Amino acid sequence: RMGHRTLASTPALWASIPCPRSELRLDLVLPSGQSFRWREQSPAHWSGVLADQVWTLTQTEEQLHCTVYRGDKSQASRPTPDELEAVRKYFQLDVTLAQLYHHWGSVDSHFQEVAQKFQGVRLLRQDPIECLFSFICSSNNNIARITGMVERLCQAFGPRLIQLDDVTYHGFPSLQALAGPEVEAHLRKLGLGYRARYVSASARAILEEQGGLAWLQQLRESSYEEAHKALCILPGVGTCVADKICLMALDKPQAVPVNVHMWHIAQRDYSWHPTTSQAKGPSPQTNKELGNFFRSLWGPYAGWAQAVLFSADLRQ
DNA sequence: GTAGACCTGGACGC
DNA sequence: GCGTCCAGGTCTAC
Ligand SMILES: [Ca+2]
Ligand SMILES: [Ca+2]
């Protein structure tokens, strides 16, 4: 009845999705800087907001186990087939990770070695507004801090959903909320630092200059090139943040976010250096060259392979 | 095209 | 003991 559910404590309220560990490891996907919305509130059980409801997820060897908290309006019950489809879409489970790992390991002997220890790193398919603003909060920052900033943002500006134990979950804020008066100041007091202004300015820029939510949503059907360029108009969004949004919310599997983590990987594990620029270190030209190097290496799902090596780089 | 400032807070050095 | 370096970079200025 009370508290976050576990598979043992409320057996009747879980449904499953067939899903081998080769296809998904929650512990390597959820806390690794794709989504900041999930916490392991009981060992091996991950809770967070997915498609505007709270869920807890946990896995056995062949199954992803899902439970959904709706309110108070009904009465607790197992997830419905439609609700389970939402989970499948968020994890993009139609994409067969074992196939991609095989392809990348065949063209890249170092990937093949890492892959063996880091199975099941796949990419979530995120809502565009939640992805956009969360990655705006991510620049020049670390995942533990970013996670708290996002939580406090949703608490202050998003709709309350439900409370489990002492944890209240909220939906991601709308553009309207984020574009409202005095939002920057309130975000400063929530510890967002200089990105407080970027969040307010992009929410306004989007509603009042770009065409609203439709402008962002329609980038899903635009080309990578067009989507990336569109996104860099926004305050706090440079090439790397834009790439993260392209990859993680706008269905551009070839997008490769290039930052110092990716330079470390490139130099340590590929002995890479820039060819077509004079600069020895990160710059707009050298970062652009590095992203192209990863696409040439891995092919059209290069940003997915980048997510495997990035998740591995965090486990130091 | 280069270079350094910048909110915040944990790790680590002397 | 603050002092500095760093973390899913972007913005601003010769
Ligand atoms: Ca950084
Ligand atoms: Ca920008």
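Below, chain A is the first sequence line, B the second, and so on; all start at residue 1. The basis for the numbers below is simple: all heavy atoms, side chains too, and nothing from hydrogens, waters or symmetry mates.
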field: Secondary-structure stems, DNA chain B, at least 3 Watson-Crick or G-U base pairs under 3.5 Å
entry: B:2-6 with C:9-13, B:8-12 with C:3-7
Hey, can you pull the residues of [range] with a non-hydrogen atom under 4.0 angstrom from DNA chain B?
range                       : result
residues 143-157 of chain A : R145(A)
residues 235-257 of chain A : none
residues 268-287 of chain A : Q278(A), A279(A), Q285(A)
residues 190-198 of chain A : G191(A), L192(A), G193(A), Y194(A), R195(A)

query: After noting the C-alpha distance and the side-chain angles of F118(A) and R315(A), does the key distance pass the side-chain contact (heavy atoms from CB on, under 4.5 Å) rule?
result: CA-CA 10 Å; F118(A) 289 90; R315(A) 274 89 193 153; 3.9 Å; yes
Provide the distance between the two [atom1] atoms, one in [N] and one in [M], to the nearest whole Å.
N       : M       : atom1 : result
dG9(B)  : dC2(C)  : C1'   : 14 Å
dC6(B)  : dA7(C)  : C1'   : 13 Å
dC6(C)  : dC14(B) : P     : 14 Å
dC7(B)  : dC5(C)  : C1'   : 15 Å
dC12(B) : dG8(C)  : P     : 14 Å

Checking [X] side chain against [Y] main chain: does a donor-acceptor pair fall under 3.5 Å?
X       : Y       : result
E209(A) : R204(A) : no
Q163(A) : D165(A) : yes
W14(A)  : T6(A)   : yes
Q59(A)  : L24(A)  : yes
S106(A) : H102(A) : yes
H261(A) : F310(A) : no

field: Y224(A) side chain to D243(A) side chain, donor-acceptor N/O pair below 3.5 angstrom
entry: yes
query: Name the one of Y301(A), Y101(A), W304(A), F294(A) that satisfies ring-ring contact (aromatic ring centres under 6.0 Å, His included) with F111(A)?
result: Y101(A)
query: What nucleic acid atoms does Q34(A) come within less than 4.0 Å of, heavy atoms only: base, sugar-phosphate, or nothing?
result: nothing
task: Check whether the six-membered base rings of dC6(B) and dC7(B) have centres under 5.5 Å apart and planes under 30 degrees, and report yes or no.
output: no
Stepwise salt bridge (charged side-chain N to carboxylate O under 4.0 Å, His left out) test for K89(A) and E85(A): CA-CA 6 Å; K89(A) 290 203 214 315; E85(A) 270 302 308; 3.5 Å; yes
I need the full list of salt bridge (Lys or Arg N to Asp or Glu O under 4.0 Å) pairs touching [range], with sequence neighbours left out, sorted by first then second residue.
range                       : value
residues 141-151 of chain A : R39(A)-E151(A)
residues 257-280 of chain A : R268(A)-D313(A)
residues 175-184 of chain A : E184(A)-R188(A), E184(A)-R197(A)
residues 285-311 of chain A : none

task: Please step through side-chain hydrogen bond (donor to acceptor under 3.5 Å, both in side chains) for the pair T10(A) and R5(A), ending with a clear verdict.
output: CA-CA 6 Å; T10(A) 63; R5(A) 288 165 191 167; 4.6 Å; no
message: Please report the distance, rounded to the nearest Å, between CG in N141(A) and P in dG10(B).
response: 12 Å
- prompt: First and last nucleotide of DNA chain C touching chain A, 5' to 3', heavy-atom cut-off 4.0 Å?
  reply: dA7(C) to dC11(C)
task: Take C240(A) and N287(A), measure what side-chain contact (heavy atoms from CB on, under 4.5 Å) needs, and give me the verdict at the end.
output: CA-CA 9 Å; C240(A) 185; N287(A) 294 340; over 6 Å; no
message: According to side-chain hydrogen bond (donor to acceptor under 3.5 Å, both in side chains), who are the partners of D94(A), at least two apart in sequence or on a separate chain?
response: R88(A)
Contacts under 3.5 angstrom, residues 42-52 of chain A side chains, donor-acceptor by atom type, not counting sequence neighbours:
| from | atom 1 | to | atom 2 | distance (Å) |
| --- | --- | --- | --- | --- |
| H45(A) | ND1 | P43(A) | O | 2.9 |
| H45(A) | NE2 | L7(A) | N | 3.0 |
| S47(A) | OG | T56(A) | OG1 | 2.8 |

